[PDB]
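For the single chain, residues carry numbers from 1 onward in sequence order.
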Amino acid sequence: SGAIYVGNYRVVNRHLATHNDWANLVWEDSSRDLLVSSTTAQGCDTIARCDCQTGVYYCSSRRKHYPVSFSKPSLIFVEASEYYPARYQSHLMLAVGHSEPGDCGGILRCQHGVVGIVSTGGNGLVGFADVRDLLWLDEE
Ligand SMILES: NC(=O)[C@H]1CCCN(C(=O)Cc2cnccc2C(F)(F)F)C1
Ligand SMILES: [Zn+2]
């Protein structure tokens with residue numbers, strides 16, 4: 001579990017969005033596993049606008065932040081689960097790091113800000129949904 005709070009927006013994994021997030025929907029993309037909802041309170045996270053490939057992510061299954069090297073956002077094949085059939089998820093970045101079911105929503109950060117959130121994983125890999133191309137998160 002976990003979310004990004006920037007401006008008047010709440011960014012979450014689409015598969016973990018609540019019925020309230022859908023009522024307050026701003027934008028969603030099933031192919032990216034992302035959902036953005038509106039908030040009454042202003043958030044304090046800053047989104048990174050860079051091409052960094054190294055950062056630090058939060059791993060809830062270990063209660064630890066780990067430094068990682070990660071790939072550029074790409075179309076990556078993800079196995080079927082209770083949330084989606086087998087498909088390609090877009091804007092996904094992979095790293096060698098621990099993750100287990102329950103870890104989605106952990107923040108990946110670099111020196112410039114929030115890069116993304118955990119969205120996939122398995123076999124000593126962890127996948128992050130990139131948010132650095134969503135330039136509109138900085139305005140209105
Ligand atoms: N983006 C998706 O399709 C997710 C939806 C939930 C399921 N999913 C996973 O990969 C779940 C997973 C499995 N093994 C290790 C780590 C994980 C976790 F980090 F929690 F994602 C795909
Ligand atoms: Zn950066």
Side-chain angles (χ1 to χ4, degrees):
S1 67
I4 303 163
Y5 298 92
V6 53
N8 285 270
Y9 299 119
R10 169 176 138 95
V11 185
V12 298
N13 293 91
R14 186 197 192 265
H15 75 273
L16 302 179
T18 62
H19 70 116
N20 294 334
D21 280 316
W22 284 103
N24 296 287
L25 176 68
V26 175
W27 167 91
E28 52 83 25
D29 189 337
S30 175
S31 81
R32 300 183 68 150
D33 184 45
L34 288 177
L35 187 139
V36 176
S37 60
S38 68
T39 73
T40 45
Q42 216 210 282
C44 298
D45 297 321
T46 296
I47 309 305
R49 300 299 173 195
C50 63
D51 60 351
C52 280
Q53 269 185 262
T54 70
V56 173
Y57 78 107
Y58 183 60
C59 172
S60 63
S61 62
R62 292 283 180 278
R63 297 190 177 120
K64 274 246 212 34
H65 296 263
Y66 293 106
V68 274
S69 296
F70 50 91
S71 65
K72 276 186 177 191
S74 323
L75 188 66
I76 298 277
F77 206 76
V78 178
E79 300 243 8
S81 72
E82 57 166 312
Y83 302 104
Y84 300 102
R87 41 48 135 159
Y88 289 99
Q89 174 165 319
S90 57
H91 300 269
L92 188 66
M93 299 176 296
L94 303 181
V96 169
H98 178 75
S99 66
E100 274 171 69
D103 279 327
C104 291
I107 281 182
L108 170 69
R109 68 189 73 213
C110 66
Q111 65 185 104
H112 303 97
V114 172
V115 173
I117 49 172
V118 171
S119 180
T120 77
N123 300 300
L125 298 167
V126 56
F128 309 97
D130 187 54
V131 302
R132 305 174 282 184
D133 66 315
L134 304 175
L135 307 185
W136 54 266
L137 284 171
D138 311 339
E139 54 239 37
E140 85 124 37

Determine whether [X] and [Y] make a side-chain contact, defined as any pair of heavy atoms from C-beta on separated by less than 4.5 Å.
X	Y	value
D133	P73	no
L94	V126	no
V115	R109	no
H91	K72	no
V68	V96	no
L35	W27	no
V6	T46	no
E79	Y84	no

From [X] [atom1] over to [Y] [atom2], what is the distance, rounded to the nearest 0.5 angstrom?
X	Y	atom1	atom2	answer
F70	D130	CZ	CG	8.0 Å
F128	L108	CZ	CG	4.5 Å
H112	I47	NE2	CD1	14.0 Å
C59	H98	SG	NE2	4.5 Å
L34	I117	CG	CD1	5.5 Å
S71	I76	OG	CD1	5.5 Å

Could you report the tightest heavy-atom contact between [X] and [Y], atom names first, then the distance?
X	Y	result
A95	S69	CB-O, 3.3 Å
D103	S60	OD1-OG, 2.5 Å
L92	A129	CD1-N, 4.0 Å

Geometric class of the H15/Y83 ring pair [parallel <30°, tilted 30-60°, perpendicular >60°]: tilted
Aromatic ring pairing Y66/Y57, orientation class (parallel under 30°, perpendicular over 60°, tilted between): tilted
Partner set under ring pair (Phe, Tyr, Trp, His ring centres under 6.0 Å) for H65, not counting sequence neighbours: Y58
Among the clusters formed by ILVMFWY side chains lying less than 4.5 Å apart, do [X] and [Y] turn up in the same one?
X	Y	value
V26	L137	yes
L125	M93	no
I107	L134	yes

Under-4.0 Å salt bridge between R87 and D33: no
N-O pairing of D138 and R49 below 4.0 Å: yes
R32 vs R14, side-chain contact (heavy atoms from CB on, under 4.5 Å): CA-CA, chis, key distance, verdict: CA-CA 8 Å; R32 300 183 68 150; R14 186 197 192 265; over 6 Å; no
Evaluation steps, side-chain contact (heavy atoms from CB on, under 4.5 Å), between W22 and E28: CA-CA 9 Å; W22 284 103; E28 52 83 25; 3.7 Å; yes
Qualifying residues under side chain to side chain contact (heavy atoms under 4.5 Å, CB included), relative to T39, sequence neighbours excluded: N8, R10
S37 versus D21, side-chain donor and acceptor atoms under 3.5 Å: yes
Stepwise side-chain contact (heavy atoms from CB on, under 4.5 Å) test for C50 and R132: CA-CA 7 Å; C50 63; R132 305 174 282 184; 3.6 Å; yes
CA sep, side-chain torsions, deciding dist, call: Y9, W136, ring-ring contact (aromatic ring centres under 6.0 Å, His included): CA-CA 11 Å; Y9 299 119; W136 54 266; 5.6 Å; yes
Qualifying residue for side chain to side chain donor-acceptor pair (under 3.5 Å) with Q89, from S119, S31, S30: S119
